[PDB]
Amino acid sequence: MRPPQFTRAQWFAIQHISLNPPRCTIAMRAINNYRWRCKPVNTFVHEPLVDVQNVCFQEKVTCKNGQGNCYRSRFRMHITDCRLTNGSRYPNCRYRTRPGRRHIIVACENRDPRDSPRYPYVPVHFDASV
């Protein structure tokens, strides 16, 4: 679940934007610290923050949940898919790291008041890795 201390945009960035190349088992720890079971699957976008934010102005598409506020990246982006190993037992979560470069789809919305006023419309959910 989203920890209440983070806005939707903040949690999206924590889970899905990687400045440095992600090694899944290391990078997932900050996420699973807020959880009570290992996150089974998680995608990181390894691109500058502004490039990920800018997907919110690209190709508008229907979201998997039926909402209309999703967008598909114009270009393939560098991503890393993290999948929990079959032997992992919470709280010790290990991941397989599957890098790639694909179009992404994100949901976007107006910023929360607790989000930076410099980005009025921001990504809040990772919808798809293709």
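Counting begins at 1, following the sequence as shown.
- Annotation for 5-13 versus 19-27: the higher mean temperature factor (C-alpha) is found in 19-27.
- Judged by mean Cα B factor in the deposited record, 63-71 ranks above the other of 32-40 and 63-71.
- Annotation for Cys56: C-alpha temperature factor in the lowest third relative to the rest of the modelled chain, per the entry.
- Among all modelled residues in this chain, the alpha-carbon of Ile79 has a temperature factor (C-alpha) in the middle third.
- Sort the modelled residues of the chain by CA B factor and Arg94 lands in the lowest third.
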